Amino acid sequence: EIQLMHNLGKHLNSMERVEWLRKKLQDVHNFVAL
């Protein structure tokens, strides 16, 4: 479980992660990797 993985896509399927990954980069991107 991660602080960004818990919200947005809690449960997923390979072709949902692929588009989720685009939003996931907009959610945390660099964030000082904190």
# chains A, B, ... in the order shown; residues from 1 in each chain; ligands from 1
$ residues_around --residues "residue A:23" --least-positions-apart "6" --cutoff "10 Å" --atoms "only C-alpha atoms" --output "PyMOL selection string"
chain A and resi 8-9+17+29
$ residues_around --residues "residue A:10" --least-positions-apart "5" --cutoff "12 Å" --atoms "only C-alpha atoms" --output "mmCIF file with N, CA, C and O atoms, in the first residue's frame"
data_model
loop_
_atom_site.group_PDB
_atom_site.id
_atom_site.type_symbol
_atom_site.label_atom_id
_atom_site.label_comp_id
_atom_site.auth_asym_id
_atom_site.auth_seq_id
_atom_site.Cartn_x
_atom_site.Cartn_y
_atom_site.Cartn_z
ATOM 1 N N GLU A 1 0.857 -1.250 0.000
ATOM 2 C CA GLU A 1 0.000 0.000 0.000
ATOM 3 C C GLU A 1 0.873 1.274 0.000
ATOM 4 O O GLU A 1 1.817 1.399 0.765
ATOM 5 N N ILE A 2 0.538 2.223 -0.857
ATOM 6 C CA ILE A 2 1.309 3.515 -0.938
ATOM 7 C C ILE A 2 0.341 4.696 -0.726
ATOM 8 O O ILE A 2 -0.856 4.574 -0.931
ATOM 9 N N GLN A 3 0.869 5.840 -0.323
ATOM 10 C CA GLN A 3 0.012 7.069 -0.089
ATOM 11 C C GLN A 3 -0.745 7.474 -1.383
ATOM 12 O O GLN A 3 -1.878 7.919 -1.318
ATOM 13 N N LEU A 4 -0.134 7.294 -2.546
ATOM 14 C CA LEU A 4 -0.809 7.636 -3.851
ATOM 15 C C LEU A 4 -1.567 6.402 -4.402
ATOM 16 O O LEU A 4 -2.577 6.551 -5.066
ATOM 17 N N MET A 5 -1.086 5.194 -4.120
ATOM 18 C CA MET A 5 -1.761 3.934 -4.602
ATOM 19 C C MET A 5 -3.105 3.722 -3.870
ATOM 20 O O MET A 5 -4.050 3.218 -4.458
ATOM 21 N N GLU A 16 -6.259 -0.827 -16.995
ATOM 22 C CA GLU A 16 -6.765 0.349 -16.224
ATOM 23 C C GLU A 16 -5.521 1.038 -15.626
ATOM 24 O O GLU A 16 -5.458 2.241 -15.558
ATOM 25 N N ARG A 17 -4.512 0.243 -15.250
ATOM 26 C CA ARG A 17 -3.212 0.742 -14.704
ATOM 27 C C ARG A 17 -2.530 1.575 -15.770
ATOM 28 O O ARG A 17 -2.011 2.619 -15.512
ATOM 29 N N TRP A 20 -4.262 4.682 -15.753
ATOM 30 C CA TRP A 20 -4.074 5.133 -14.337
ATOM 31 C C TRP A 20 -2.672 5.702 -14.179
ATOM 32 O O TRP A 20 -2.465 6.647 -13.452
ATOM 33 N N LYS A 24 -1.522 8.905 -12.381
ATOM 34 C CA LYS A 24 -0.574 8.667 -11.228
ATOM 35 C C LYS A 24 0.636 9.615 -11.333
ATOM 36 O O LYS A 24 1.069 10.171 -10.334
#
$ atom_distance --atom1 "atom CA of residue A:13" --atom2 "atom CA of residue A:25"
17.8 Å
$ select_by_dssp --residues "chain A" --states "alpha helix (DSSP H)" --output "PyMOL selection string"
chain A and resi 3-6+14-27
$ write_last_selection --atoms "N, CA, C and O atoms" --output "tab-separated table (two decimals), in the first residue's frame"
chain	number	residue	atom	x	y	z
A	3	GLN	N	0.87	5.84	-0.32
A	3	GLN	CA	0.01	7.07	-0.09
A	3	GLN	C	-0.75	7.47	-1.38
A	3	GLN	O	-1.88	7.92	-1.32
A	4	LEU	N	-0.13	7.29	-2.55
A	4	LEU	CA	-0.81	7.64	-3.85
A	4	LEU	C	-1.57	6.40	-4.40
A	4	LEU	O	-2.58	6.55	-5.07
A	5	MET	N	-1.09	5.19	-4.12
A	5	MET	CA	-1.76	3.93	-4.60
A	5	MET	C	-3.10	3.72	-3.87
A	5	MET	O	-4.05	3.22	-4.46
A	6	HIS	N	-3.19	4.10	-2.60
A	6	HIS	CA	-4.46	3.93	-1.80
A	6	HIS	C	-5.62	4.67	-2.49
A	6	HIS	O	-6.70	4.11	-2.65
A	14	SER	N	-4.84	-4.72	-15.52
A	14	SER	CA	-3.71	-4.27	-16.45
A	14	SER	C	-4.08	-3.11	-17.41
A	14	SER	O	-3.32	-2.16	-17.51
A	15	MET	N	-5.21	-3.17	-18.11
A	15	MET	CA	-5.57	-2.05	-19.05
A	15	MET	C	-6.22	-0.83	-18.32
A	15	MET	O	-6.60	0.14	-18.96
A	16	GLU	N	-6.26	-0.83	-17.00
A	16	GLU	CA	-6.77	0.35	-16.22
A	16	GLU	C	-5.52	1.04	-15.63
A	16	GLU	O	-5.46	2.24	-15.56
A	17	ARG	N	-4.51	0.24	-15.25
A	17	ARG	CA	-3.21	0.74	-14.70
A	17	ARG	C	-2.53	1.57	-15.77
A	17	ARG	O	-2.01	2.62	-15.51
A	18	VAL	N	-2.55	1.06	-16.97
A	18	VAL	CA	-1.93	1.73	-18.16
A	18	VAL	C	-2.43	3.21	-18.26
A	18	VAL	O	-1.63	4.12	-18.40
A	19	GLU	N	-3.73	3.45	-18.15
A	19	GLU	CA	-4.29	4.86	-18.19
A	19	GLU	C	-4.13	5.49	-16.80
A	19	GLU	O	-3.84	6.67	-16.67
A	20	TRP	N	-4.26	4.68	-15.75
A	20	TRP	CA	-4.07	5.13	-14.34
A	20	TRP	C	-2.67	5.70	-14.18
A	20	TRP	O	-2.47	6.65	-13.45
A	21	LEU	N	-1.71	5.07	-14.84
A	21	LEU	CA	-0.31	5.49	-14.73
A	21	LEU	C	-0.15	6.95	-15.21
A	21	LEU	O	0.60	7.71	-14.62
A	22	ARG	N	-0.89	7.32	-16.23
A	22	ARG	CA	-0.87	8.72	-16.76
A	22	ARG	C	-1.31	9.68	-15.63
A	22	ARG	O	-0.61	10.63	-15.31
A	23	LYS	N	-2.45	9.40	-15.01
A	23	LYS	CA	-2.96	10.24	-13.87
A	23	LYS	C	-2.02	10.11	-12.66
A	23	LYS	O	-1.74	11.09	-12.00
A	24	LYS	N	-1.52	8.91	-12.38
A	24	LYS	CA	-0.57	8.67	-11.23
A	24	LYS	C	0.64	9.61	-11.33
A	24	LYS	O	1.07	10.17	-10.33
A	25	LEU	N	1.15	9.83	-12.54
A	25	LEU	CA	2.30	10.78	-12.74
A	25	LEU	C	1.83	12.21	-12.37
A	25	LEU	O	2.54	12.94	-11.72
A	26	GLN	N	0.62	12.57	-12.76
A	26	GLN	CA	0.06	13.93	-12.41
A	26	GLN	C	-0.22	14.02	-10.89
A	26	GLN	O	-0.19	15.10	-10.32
A	27	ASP	N	-0.51	12.90	-10.23
A	27	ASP	CA	-0.82	12.89	-8.76
A	27	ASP	C	0.43	13.19	-7.91
A	27	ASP	O	0.38	14.02	-7.02
